[PDB]
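Peer 1: Kindly return the folded structure for what I paste below:
(chains A and B)
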Amino acid sequence: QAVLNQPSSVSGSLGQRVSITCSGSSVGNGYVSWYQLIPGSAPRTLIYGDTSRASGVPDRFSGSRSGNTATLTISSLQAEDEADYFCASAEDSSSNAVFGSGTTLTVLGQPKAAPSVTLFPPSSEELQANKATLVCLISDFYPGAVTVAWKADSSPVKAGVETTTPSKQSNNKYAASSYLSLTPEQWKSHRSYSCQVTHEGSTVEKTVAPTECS
Amino acid sequence: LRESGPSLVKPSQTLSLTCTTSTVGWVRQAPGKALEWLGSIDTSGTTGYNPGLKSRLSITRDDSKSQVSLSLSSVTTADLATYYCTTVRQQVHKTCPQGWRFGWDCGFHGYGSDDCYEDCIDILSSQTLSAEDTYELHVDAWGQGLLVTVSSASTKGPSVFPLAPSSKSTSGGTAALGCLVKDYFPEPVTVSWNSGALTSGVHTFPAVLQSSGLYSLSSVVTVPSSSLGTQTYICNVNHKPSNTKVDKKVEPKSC
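Peer 2: Numbers count the residues shown, from 1 in each chain, chains lettered A, B, ... in the order given. Take a look:
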């Protein structure tokens, strides 16, 4: 039950350097390895033995130690480095290791990007299955902070709504999704529905109407 | 390293997984939690286990079939996690205090050569301290990760609906089309496009969990607008927990 404590969040500027610390529970008897976890991917070993790089690890990733405190340094921060990082160490002849609390790295100074918003009304197939789901897809924005509101005839809607937290796309920009689950009767009981996406002092609103084909 | 086994195990039951290959360990991660070591086993069969879990943990290996096994008994919702098959490198390193030297570094190879000696050569029958141990363990390679849900609820396959583009939802040269994967359980659902040939502009979203206890997600691809009238786009939904594969062609709306 060795305690390897990391800062929960660290931020650095694009192209600059950043450090993620891994401090011990209190005689550092084991070496520290580091790991990179990008959602949707399996973990990636970066550093082992305090300072040795693994295979395919760029040179900007570097490790160092200072008595019970191991540091992962990323010298030239890139946008693809935004990820979760975990240190680890084995504290005995036991074939066991302990992982650090983890650090979520934020890369600032990336190009801001207004969101694109796509609003799909319920498909004819789903409507014929006696269901109606409005699907609001939000893509290609940075930073990854949006609030999503739904409207029915310009009246707010809070029930039957589900929204996903923004996550990175393959191009290092963010995307989010929101759903409005209705009954077919409710779908026709209004003249229009809107998805409103607020992002950095800007609101993009897309609208669909049961009386007009998408 | 191929994680195989059920994606759903009922409470109180014993989860059992296997990792086909051709020193292996297991790591897991519960949602919003740090990585958690589980155990490993080398060619000599020796086993090590996370002390807090060794009661329920059981790991085996068939060098014959090249298959390592994990068995976690009496599972609870606390064992809901992604389970990773790994490869481990372990190497204990021995060092002597500053000045002190190993017997073999002084030239002595009799009994006690691997201990540290303050007085080198000079009547080696001197003060002898055991060498200090520093342990180095790290995961070499990671498996893709099998998601194991722990719940009494029953498996349910997904219903897939098309997210078709229309004349007003285009973005000039580009257009969005997708698939809505509704009401499945448990996670995960994997989505590809055109059986893996279409990978650019594709984004598959994380799933939402509805008040019904069921999951839903969407996958979208940005394609050229001009090609829509004749191009064929198919989303491939795979839900291994129900052994369900659904391919759905997404056509543009006639409006």
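Peer 1: who touches the most centrally placed residue in chain A in this structure?
Peer 2: Most central in chain A under CA atoms, centre = their mean is residue A:167, positioned 3.7 Å from the mean C-alpha point. By CB atoms under 8 Å, 6 or more residues apart in numbering or on different chains, residue A:167 lies in contact with A:39, A:144, A:174-176, B:205-206. The way it works is simple: take the backbone N, C-alpha and C, and place the C-beta from them, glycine included.
Peer 1: Residue A:158 now?
Peer 2: Applying CB under 8 Å, 6+ apart, we find residue A:158 in contact with residue A:150.
Peer 1: same deal with residue B:71?
Peer 2: Applying CB under 8 Å, 6+ apart, the residues near residue B:71 are B:14-16, B:57-60.
Peer 1: Please pick the buried ones from those.
Peer 2: For the contacts of residue B:71, a burial check counting by 16 or more other CB atoms under 10 Å in any protein chain shown picks out B:15, B:57-59.
Peer 1: thinking again about what came up before, separation between the residue nearest to the centre of chain A and residue B:221?
Peer 2: 17 Å (CB to CB, to the nearest Å).
Peer 1: Not counting its neighbours along the chain, what's nearest whatever residue of chain A ends up closest to chain B?
Peer 2: Of all residues in chain A, residue A:95 sits closest to chain B, at 2.8 Å by CB to the nearest CB. In this structure, residue A:95 finds its nearest non-sequential neighbour in residue B:48, 2.8 Å apart by CB to CB, 6 or more residues apart in numbering or on different chains.
Peer 1: Which secondary structure element is home to the one you found?
Peer 2: Secondary structure from DSSP states H and E places residue B:48 in strand B:47-49.
Peer 1: What is the subsequent helix or strand relative to that strand?
Peer 2: The C-terminal neighbour of strand B:47-49 among helices and strands, as given by DSSP H and E, is strand B:57-62.
Peer 1: quick one, helices of chain A?
Peer 2: Using DSSP state H, the helices of chain A run over residues A:124-128, A:184-188.
Peer 1: Please tabulate those helices in TSV, including the columns mean neighbour count and distance to residue B:152.
Peer 2: As requested, the helices of chain A are exported to TSV (neighbours: other CB atoms under 10 Å in any protein chain shown; distance: least, CB to CB, whole Å):
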stretch	mean neighbour count	distance to residue B:152
helix A:124-128	15	29
helix A:184-188	15	32
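Peer 1: Report the residue ranges of every domain in the chain.
Peer 2: Picking chain A for this. According to automatic domain parsing, chain A comprises the domains A:9-108, A:116-208.
Peer 1: oops, I was thinking of chain B
Peer 2: B:2-92+B:134-150, B:97-130, B:159-249.
Peer 1: What's the separation between the closest residue in space to residue B:115 that isn't next to it in sequence and residue B:120?
Peer 2: Nearest non-adjacent residue to residue B:115, counting by CB to CB, 6+ apart: residue B:128, 4.8 Å away. As defined by CB to CB, residue B:128 lies at a distance of 12 Å from residue B:120.
Peer 1: now do residue B:51
Peer 2: 40 Å.
Peer 1: Also residue B:230?
Peer 2: Going from residue B:230 to residue B:120 by CB to CB gives 84 Å.
Peer 1: Neighbour count for these two, which is higher?
Peer 2: Ranked by neighbour count (other CB atoms under 10 Å in any protein chain shown), residue B:230 and residue B:120 place residue B:120 first, with 17 against 6.
Peer 1: ok, what's across the strand from the residue of chain B found nearest chain A?
Peer 2: The minimum distance from chain B to chain A, using CB to the nearest CB, falls at residue B:48 (2.8 Å). With DSSP bridges applied, residue B:48 shows beta-bridge pairing to residue B:40.
Peer 1: What about it, how many residues nearby?
Peer 2: 25.
Peer 1: same check, this time on residue A:162
Peer 2: Per other CB under 10 Å, the neighbour tally for residue A:162 reads 16.
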